[PDB]
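Scroll down for the structure; my scribbles are underneath it.
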Amino acid sequence: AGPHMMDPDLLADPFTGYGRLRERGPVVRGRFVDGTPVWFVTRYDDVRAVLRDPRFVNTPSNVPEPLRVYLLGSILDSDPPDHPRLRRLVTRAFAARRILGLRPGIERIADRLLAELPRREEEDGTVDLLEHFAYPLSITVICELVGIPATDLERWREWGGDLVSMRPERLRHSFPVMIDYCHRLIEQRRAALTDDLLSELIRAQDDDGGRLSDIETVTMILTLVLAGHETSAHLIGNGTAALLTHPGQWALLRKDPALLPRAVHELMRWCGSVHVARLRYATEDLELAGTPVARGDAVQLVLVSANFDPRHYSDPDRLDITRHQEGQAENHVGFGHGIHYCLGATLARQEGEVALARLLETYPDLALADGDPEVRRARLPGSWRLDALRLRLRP
Ligand code: HEM
């Protein structure tokens, strides 16, 4: 039967647990959260090889009928020949938006949130960085990227939560409501374009002149909120916990904040919030690192064990924010690889860099509230997240 993704030891310590399978062999049979059979692929080179292989696709072998297309149509569920067009349109929109020009706006959001922080302390004088900094920053950045009005922040926060939980008794109401909200925002921006990402999505053109349909644009908005909201927040939370538990790294960055871009690469590798890829499926019988894979078989790529692969990294278990060299090409799979590579990666790297920078400058003596932060580590299959991160702002 093999390892199951809800196995307690994998949930509690995926580093050790998937690292064991990694060392046992490149391809090991096991079970998806479903109990569904999977092949665990766990080593750096095989993970990348599978993510580059067109023989591995994302389509496998209570919500109403007109609304279904808004979930089935998400780009991460899309295969060639449909995926390249969708990918081109949204990435052309990102390029016209100029993601790096967003850095001052991200700083302003982070500074604003950091100034509020002392007013969110509990009775013990500690403050939860997740609820009052990381989560608000991530959802504010995404909403402002898209062009969602500030007054609708809370609504989108709720809608984001609705989308992750997918309870029918909730979604049979809110899903139509949010789809209609999006179509109206599209028609509003069309009649008066601005410089937000929605306007660039409306304006984007494929080389033959083709455009996104409004249903595709709505689907893309939902997809962006869902894919960027919680991942980014837990990069910030994990990375902050990583630095405070390794105080020389925190000290290094407070002395040399110009190290942040390289540091963020190592934090992605060492504690990125996503540990697995979406399930892949073989389209034909094939040989994968010496294992016969049958057409229709599901493969679970394990990003975390690849990012800790001693075949590729020297002493991977160490946190070392100087590991990545100045000007070195990206050298981890925490954002994936190949055609489904995270299209939010530039935004996420900027978010984490800015969040850390402002946190370092505004609370240079930030401390863990007394505790191993890991006590708050959620037990999530393929994700890596803290329920909270309680800190003391000042000595
Ligand atoms: C630190 C935060 C993030 C992490 C760790 C992360 C991780 C990933 C990974 C590993 C994939 C590839 C999944 C696969 O191939 O099965 C992916 C894809 C994707 N990400 Fe992210 N992501 C992050 C932030 C974001 C943000 C902020 C956005 C939106 C602005 C975003 C949007 C997307 C989308 C749309 C895809 C699907 C791309 C496609 O299928 O062509 N992500 N992400």
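Heads up, the Cβs are rebuilt from the backbone with ideal geometry, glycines too, and the neighbour counts pull from every protein chain shown. Throughout, read-outs are computed from the coordinates displayed, never taken from laboratory work.
Considering only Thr126, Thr245, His183, and ranking their Cα positions along the charge dipole of the chain that arises from unit charges at the beta-carbon of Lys, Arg, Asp and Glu, the one farthest toward the positive end is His183.
Per-residue 3J(HN,Hα) values for region 243-253, derived from phi via the Karplus relation 6.51 cos²θ - 1.76 cosθ + 1.60 with θ = phi - 60°, read 5, 5, 7, 10, x, x, 5, 4, 4, 4, 6 Hz in sequence order (x marks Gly and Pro).
Annotation: for a label point projected 7 angstrom from Cα along Cα→Cβ of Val69, residues of region 165-200 with backbone N closer than 16 Å are 176, 179-180, 182-184. Around the Cα centre of region 231-327, unit charges on the Cβ atoms of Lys, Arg, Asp and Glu (plus for the first two, minus for the last two) sum to a dipole of about 380 debye.
Using alpha-carbon positions, what is the distance between the centroids of region 130-176 and region 261-307, in Å? Comparing the Cα centres of region 130-176 and region 261-307, I get a distance of 28 Å. With the simple spin-label model, which puts each label point 7 Å out from Cα in the Cβ direction, the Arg29 to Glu287 separation comes to 2.0 nm. Magnitude of the charge dipole for region 198-263, about its Cα centre and with charges confined to Cβ atoms of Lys, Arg (+1) and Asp, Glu (-1), is about 620 debye. Ellipticity at 222 nm from helices only: DSSP H runs of n ≥ 4 in the chain, each -39500 (n - 2.57), divided by the residue count, give -15000 deg cm²/dmol. Around the Cα centre of the chain, unit charges on the Cβ atoms of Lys, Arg, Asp and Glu (plus for the first two, minus for the last two) sum to a dipole of about 400 debye. Using alpha carbons only, how many angstrom separate the centre of region 186-230 from the centre of region 312-375? Comparing the Cα centres of region 186-230 and region 312-375, I get a distance of 29 Å. Here the simple spin-label model places points 7 Å from the Cα toward Cβ, and for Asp256 and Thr346 these points are separated by 2.8 nm.
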